Every structure is written in C-alpha cells, then in structure tokens.
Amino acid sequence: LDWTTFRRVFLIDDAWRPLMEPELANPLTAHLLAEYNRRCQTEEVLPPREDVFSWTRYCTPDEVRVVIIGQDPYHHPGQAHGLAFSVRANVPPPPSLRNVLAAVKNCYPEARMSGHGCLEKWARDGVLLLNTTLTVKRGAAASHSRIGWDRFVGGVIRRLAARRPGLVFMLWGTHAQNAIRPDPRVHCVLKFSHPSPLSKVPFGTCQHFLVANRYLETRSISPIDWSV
C-alpha cells in the first residue's frame, strides 16, 4: 500500500523491499517525502526523479560485495545519475573522480581504463555507491542535507550490514567515517582521506581496491574487476 506506491513513484527494484519497506512506517519518512515533493515544485532538483534510486536496479542486496559512501550528489545538470561519485557516460570526470580512477590504475597496472567516469559496471558487479544525501537543488551544495535523507539511508545500510556479514566498507573522509560505523569484527572497514585534490594525503596512494580483493579472496568470493 505505502510500498506499492513508493515503488511506483521512484521505480525501485522490488528486491530491495525488505531493507526499505520498514522505513515507511516512520512518520519522519512521510515528512521527508512531502518535503522532497515540495522542493520539486519550487526548485530545480537533481538528479531526476527516475535516477534517485537507480542504485537499487544494478544489483540485489544479496549481490552487494562492497559499499562506498558519498556525501552530496553533483549539483550541475547532467552530472549526477543516482550513484555516489559516478558521472554520466560522456561527462569528463571532475577532479575528485579522476583521483579515484588514478588510485585504481596505481593498484592495478594491467587494468584497462576507458577514460570515462560512469561507474555502472562496478554497480552491476556488486559495488554499492551510496550518497548519504540523495538530492540537491541545482547550484547549491548541501541544500537538501537537512530534510532527512541521511536518516533513511542510514536505516537501509544498518539493515544491510545486519543481514550480510563480511561486507567491505570504503569510508573516505571525515563525513563518511562519522556517518557509518559498521562492526569491524564482522565486516572489513577500510578508511582513508577524501579523494579531493585539496587533501593533504594524495588519494592516488590509496590501496583500498587491492585490500578489498584480498579480503574477498580469503572468503571464497570472486574478486572485483576494478577496470572502468
């Protein structure tokens, strides 16, 4: 009833129903949804409605191997498409993303890199790219950061970790580290500074992609091909 409609509106893959449906019982979720609707009527909200929950379509909760946390979606038209860090195909990768891709290449000299910045391939292979804030007003960073998306996304991630022990989490920067705190005994929790070229430590030196694959391998899971 509430779910049937919710799914209708954002075109959510039913496989995610058990992790999300419980959020609909919280009166705060209705407040969040009404505020999002009001903002769509008065400002230019990004990404497009159909892309807000694109992350639910590429893999099921059971296929998730790695979780990478983002903060805010890109705020210029045509950049964001529902996944953290990723930009639409044919959009040159901005600075932070270039650093993430440089680190993949430093870890895997044999990886064939396309030069593009769309991470749909990773998503289909079980890499969940999730922002804590899912929408933004065009041209204004963090403009929708207080309407409650982080509360809803936090609930979904808690239920996932609870259901799936042995996940790899990649937490880059202070926000992601404060936002999510999975049990380090049950999951592989990896931390590093932010990919931004303004960080004191060069992100190109990050070895998370390599460490994650070694972890998966010690657990009989196939490694992720990080080329893109």
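Residues carry their position along the shown sequence, with the first being 1.
- The PDB entry records a higher mean C-alpha B factor for 14 to 22 than for its counterpart among 206 to 214 and 14 to 22.
- Judged by mean Cα B factor in the deposited record, 174 to 182 ranks above the other of 49 to 57 and 174 to 182.
- Per the deposited record, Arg164 carries the highest C-alpha B-factor of all listed residues (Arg164, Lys191, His31, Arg65).
- When the C-alpha B factors of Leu130, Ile147, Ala142, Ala89 are read from the deposited coordinates, the top value falls at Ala89.
- Sort the modelled residues of the chain by CA B factor and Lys121 lands in the lowest third.
- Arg112 sits in the highest third of its chain by CA B factor, as recorded in the PDB entry.
- When all modelled residues of the chain are sorted by CA temperature factor, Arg158 is found within the highest third.
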